[PDB]
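Some notes on the structure that comes next.
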Amino acid sequence: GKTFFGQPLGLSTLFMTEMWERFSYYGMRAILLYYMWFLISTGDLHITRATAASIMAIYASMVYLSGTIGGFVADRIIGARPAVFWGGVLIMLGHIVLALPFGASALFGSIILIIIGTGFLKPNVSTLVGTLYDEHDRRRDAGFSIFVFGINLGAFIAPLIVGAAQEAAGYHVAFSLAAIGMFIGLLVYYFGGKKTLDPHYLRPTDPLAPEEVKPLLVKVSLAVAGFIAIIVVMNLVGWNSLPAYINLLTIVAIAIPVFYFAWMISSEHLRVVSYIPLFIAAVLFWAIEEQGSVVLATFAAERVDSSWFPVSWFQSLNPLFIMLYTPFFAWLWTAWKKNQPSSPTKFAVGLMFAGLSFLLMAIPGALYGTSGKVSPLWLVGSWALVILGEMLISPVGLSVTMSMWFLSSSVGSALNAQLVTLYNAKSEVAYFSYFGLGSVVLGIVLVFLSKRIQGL
Ligand SMILES: CCCCCCC/C=C/CCCCCC(=O)OC[C@@H](O)CO
Ligand SMILES: CCCCCCC/C=C\CCCCCC(=O)OC[C@@H](O)CO
Ligand SMILES: CCCCCCC/C=C\CCCCCC(=O)OC[C@@H](O)CO
Ligand SMILES: CCCCCCC/C=C\CCCCCC(=O)OC[C@@H](O)CO
Ligand SMILES: CCCCCCC/C=C\CCCCCC(=O)OC[C@@H](O)CO
Ligand SMILES: CCCCCCC/C=C\CCCCCC(=O)OC[C@H](O)CO
Ligand SMILES: CCCCCCC/C=C\CCCCCC(=O)OC[C@H](O)CO
Ligand SMILES: CCCCCCC/C=C\CCCCCC(=O)OC[C@H](O)CO
Ligand SMILES: CCCCCCC/C=C\CCCCCC(=O)OC[C@H](O)CO
Ligand SMILES: CCCCCCC/C=C\CCCCCC(=O)OC[C@H](O)CO
Ligand SMILES: CCCCCCC/C=C\CCCCCC(=O)OC[C@H](O)CO
Ligand SMILES: CCCCCCC/C=C\CCCCCC(=O)OC[C@H](O)CO
Ligand SMILES: CCCCCCC/C=C\CCCCCC(=O)OC[C@H](O)CO
Ligand SMILES: CCCCCCC/C=C\CCCCCC(=O)OC[C@H](O)CO
Ligand SMILES: CCCCCCC/C=C\CCCCCC(=O)OC[C@H](O)CO
Ligand SMILES: CCCCCCC/C=C\CCCCCC(=O)OC[C@H](O)CO
Ligand SMILES: CCCCCCC/C=C\CCCCCC(=O)OC[C@H](O)CO
Ligand SMILES: CCCCCCC/C=C\CCCCCC(=O)OC[C@H](O)CO
Ligand SMILES: CCCCCCC/C=C\CCCCCC(=O)OC[C@H](O)CO
Ligand SMILES: CCCCCCC/C=C\CCCCCC(=O)OC[C@H](O)CO
Ligand code: NA
């Protein structure tokens, strides 16, 4: 009888848990770059704005990378329900430390807490949604669609509420609101979950066997030791600026899939090779999409007349278009019975739309010059285009592909950590035109390659 939009009642709990976590996350993302600008302007943070942009990008990269690890830790060590709870606690702490009366000195600690916390929570709330359904339950896709609406809803309202709070009451109060958002999520999660969640998920479902503990320990220890060795050598040869560390994280984030690629190609060999263009297309798409909170956020603050509203509000456009497009594409893929495009073709076209979203942004500077301010509608059109691309590439991404798919966004963001340092008023038009055109061209290349990939 009683449901949450046709689904098991437990979905309401997880819906709200993620909505409020996404609220805390995207509330932070909407103001953190501006916060670093503020800390630079007061002389508390001694970096360039370019490096601040780089930080935003690599932050996102590590959050995504962390997400590829959290499922293992839940499934094999601590359980999905405690992963979500303690992940949320860590996330809340990460916002609290920025709410505290510190300055730049608290930034790194905040970032680490949220990287670890999001890694624990994000994959595992998704897992818990699955546990609501039997294997044979046809409602599963509908349920995840509803869950995703909650995600986007949280992403949508957070810049509005947290961004407004920031401009009125300051950054510390704004970060306190992010923390409170996660707290609300934890309250609903903790008390609601006890009502509907299977007790089974209080513990690992595939706990380490006795003989598995030592090898895992050796694996992790060697990884940490090597990473620390690299940092020691870096400091010895004088490569110890913040950009150097960001470069190290960039290399690590990119080396991970590259090593996977090199592994599989060495160790259906055709299939794996054919994924390379798809994986590259996904990386470049996520790169462009993830620049919304960095380069488009910069354009919004410097190049747009937003005198009458908080410029952080532009970050709401991304989840807004997702919500607006979704029922149309839901309809589209079911109504498109005859000659529906293949997944490789969807990637190509998706990459093209992302390219167009940047080519569009080259136009105001080319037409009006870069010294003035332009209509907010340029950014609206840009987000409209890139999200159109997301609708094509994202729903079939994991399908056509596993971890390397989830890694595509991490790698895209790591690429951004390098690229966004190139963006400024002098380079604006060339930046948008170059990377936009480059993306369209590779989209066109992928179209040429499409039939072969579809065959394999
Ligand atoms: C399924 C297709 C519909 C959804 C995607 C279409 C959205 C694309 C919009 C690109 C054009 C918008 C950019 C034009 C613009 O910014 O004009 C500014 C001007 O009006 C200043 O007053
Ligand atoms: C400034 C750097 C901060 C570093 C973060 C400190 C904490 C990092 C990792 C520990 C969190 C793991 C939480 C696991 C836990 O609470 O136990 C779960 C277990 O009891 C349920 O089976
Ligand atoms: C830097 C200072 C940090 C001090 C703040 C520490 C945060 C304190 C509490 C946050 C825990 C929220 C958990 C909400 C909840 O439902 O817990 C109830 C449950 O534990 C009852 O057994
Ligand atoms: C895993 C896929 C990697 C593909 C990355 C594609 C782009 C990579 C590097 C391009 C950087 C060089 C272009 C620099 C540039 O021209 O900036 C434009 C503007 O600043 C002035 O022209
Ligand atoms: C399903 C149809 C949607 C696919 C998108 C179709 C895109 C078609 C053409 C894009 C035109 C790219 C033009 C490149 C350009 O104007 O760059 C010039 C600029 O670099 C001058 O330096
Ligand atoms: C240092 C910050 C404050 C720490 C909060 C401590 C909260 C008190 C006891 C910990 C409760 C552990 C709950 C773990 C858990 O799996 O919760 C899930 C719920 O059962 C619903 O799935
Ligand atoms: C496999 C788990 C993922 C690994 C997480 C490692 C996270 C390490 C660094 C986070 C990247 C953030 C760098 C930005 C940064 O350090 O800013 C600090 C302040 O600017 C201090 O000057
Ligand atoms: C159960 C513990 C967790 C409670 C939820 C997190 C609450 C976080 C902060 C509470 C409100 C803090 C007031 C804002 C603040 O820190 O001062 C604002 C600035 O200091 C003034 O510029
Ligand atoms: C900065 C890296 C942090 C690494 C933390 C993960 C630790 C990795 C390996 C150690 C094993 C973790 C505990 C395993 C454990 O609880 O044993 C229980 C087994 O089920 C007993 O057979
Ligand atoms: C960060 C550097 C990498 C080292 C990770 C720290 C290792 C943390 C814990 C390893 C402790 C050894 C695991 C044995 C264990 O606790 O299992 C207990 C089982 O329940 C057996 O009764
Ligand atoms: C549980 C802690 C694990 C730490 C995660 C890895 C963090 C290590 C390197 C990532 C980049 C951190 C360096 C950021 C930083 O503050 O460097 C500033 C230096 O003073 C350079 O001026
Ligand atoms: C899955 C295996 C992952 C292995 C990661 C490989 C990392 C090996 C070497 C990292 C190279 C060190 C980067 C340091 C760096 O680029 O500093 C340059 C700065 O611009 C100096 O000012
Ligand atoms: C009424 C619009 C539909 C609901 C949007 C909720 C808020 C989402 C984004 C707000 C930030 C970007 C809006 C700026 C904007 O579009 O201004 C357009 C003006 O007509 C140009 O001056
Ligand atoms: C949706 C399918 C149709 C795609 C429409 C988007 C096509 C976009 C542009 C096609 C015309 C290219 C104009 C390029 C242009 O005028 O550049 C200006 C010069 O470079 C000025 O130096
Ligand atoms: C397949 C979906 C693609 C949707 C295409 C619809 C958008 C059509 C044309 C977009 C061209 C954007 C440039 C507009 C422009 O430059 O005019 C300047 C403004 O009018 C300023 O007065
Ligand atoms: C389907 C319609 C989507 C709208 C996107 C169309 C954008 C296509 C071409 C616009 C590229 C504008 C490039 C401007 C440019 O680089 O030339 C200007 C010179 O550099 C002088 O500033
Ligand atoms: C296909 C599913 C339905 C899509 C939802 C509608 C969103 C479609 C396009 C939104 C693009 C808004 C761009 C606004 C813009 O620049 O237009 C120029 C001004 O309207 C001229 O006054
Ligand atoms: C019954 C609904 C009718 C179907 C609407 C489908 C929407 C498809 C494309 C709408 C594109 C909106 C952007 C308009 C635009 O680009 O105008 C550019 C002008 O040059 C700006 O002055
Ligand atoms: C089989 C090897 C895989 C190749 C790795 C893909 C990474 C390709 C390019 C990395 C991006 C480097 C761009 C450098 C750049 O232009 O900006 C650098 C900044 O100015 C300084 O951080
Ligand atoms: C200034 C001249 C540069 C213009 C570039 C011209 C080439 C651009 C597009 C050619 C597209 C021809 C379509 C052929 C094609 O993709 O075949 C489809 C395959 O069967 C699908 O994999
Ligand atoms: Na404003």
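According to the UniProt record's numbering, the stretch in the sequence shown is residues 5 to 271, 278 to 411, 424 to 478, in order. Note that the Cβ used here is the ideal one computed from N, Cα and C, for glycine as well.
Pairwise C-alpha distance: residue j and residue i
| i | j | result |
| --- | --- | --- |
| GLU25 | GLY379 | 40 Å |
| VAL384 | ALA34 | 21 Å |
| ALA54 | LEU246 | 12 Å |
| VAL469 | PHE363 | 13 Å |
| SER431 | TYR68 | 7 Å |
| residue 273 | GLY91 | No coordinates exist for residue 273; the numbering of the chain passes from 271 to 278 with nothing in between. |
| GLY147 | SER404 | 18 Å |
| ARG281 | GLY197 | 42 Å |
| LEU429 | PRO261 | 7 Å |
| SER284 | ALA257 | 22 Å |
| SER114 | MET60 | 13 Å |
| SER449 | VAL305 | 12 Å |
| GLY74 | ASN349 | 39 Å |
| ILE373 | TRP343 | 33 Å |
| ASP315 | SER45 | 21 Å |
| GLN301 | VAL224 | 32 Å |
| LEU327 | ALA311 | 15 Å |
| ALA173 | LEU181 | 11 Å |
| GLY121 | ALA376 | 43 Å |
| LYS347 | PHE265 | 35 Å |
Selection from the options that minimises the alpha carbon distance to residue i
| i | options | result |
| --- | --- | --- |
| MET32 | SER322, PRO105 and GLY113 | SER322 |
| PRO203 | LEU478, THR135, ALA233 and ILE290 | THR135 |
| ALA84 | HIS50, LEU18 and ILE116 | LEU18 |
| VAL396 | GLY158, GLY375, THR344 and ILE332 | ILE332 |
| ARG474 | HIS140, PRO287, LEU94 and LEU125 | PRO287 |
| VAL442 | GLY47, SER70, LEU49 and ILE62 | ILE62 |
| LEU253 | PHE265, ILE232 and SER270 | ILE232 |
| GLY391 | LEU366, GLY375 and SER409 | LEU366 |
| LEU370 | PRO386, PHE153, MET96 and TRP318 | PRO386 |
| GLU299 | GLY434, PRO127, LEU15 and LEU13 | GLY434 |
| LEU102 | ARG143, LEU157, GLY407 and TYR175 | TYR175 |
| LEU294 | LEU221, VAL462 and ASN446 | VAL462 |
Integer Cβ distance of residue i from residue j, believed to fall under 8 Å
| i | j | result |
| --- | --- | --- |
| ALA183 | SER455 | 41 Å between Cβ atoms; not a contact. |
| residue 417 | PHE124 | In this structure residue 417 is absent; the chain steps straight from 411 to 424. |
| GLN325 | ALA307 | 7 Å |
| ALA56 | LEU37 | 6 Å |
| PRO320 | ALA162 | About 12 Å separates the two Cβ atoms, so there is no contact after all. |
| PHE151 | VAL177 | The Cβ separation is near 30 Å, so there is no contact. |
| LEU330 | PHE160 | 6 Å |
Whole runs of the alpha helix (DSSP H) within the stretch 285-339, excluding any shorter than 4 residues:
DSSP runs (the alpha helix (DSSP H)) wholly in the stretch 285-339: 305-313.
Any heavy atom of ligand 6 nearer than 7 Å to the CB - residues listed:
Those satisfying the condition are, in chain order, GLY83, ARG85, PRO86, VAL88, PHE89, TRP90, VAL93, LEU97, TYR193, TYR194, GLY197, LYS198, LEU201 and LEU206.
Residues around ligand 13, please: the ones whose beta-carbon is closer than 6 Å to some heavy atom of it, in chain order.
Result: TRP323, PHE324, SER326, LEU327, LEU330, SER385, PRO386, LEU387 and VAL390.
Using a strict less-than 6 Å threshold between each residue's beta carbon and the heavy atoms of ligand 21, what residues do you get?
Matched residues: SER316, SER317, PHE319, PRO320 and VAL321.
To test your reading of the DSSP string, which unbroken alpha helix (DSSP H) runs of 4 or more residues are found completely within the stretch 200-266?
Unbroken alpha helix (DSSP H) runs of no fewer than 4 residues, entirely contained in the stretch 200-266, are found at 217-240, following chain order.
So if I measure from each beta-carbon to every heavy atom of ligand 11 and keep distances below 5 Å, which residues remain?
Qualifying residues, in the order they occur: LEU246 and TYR249.
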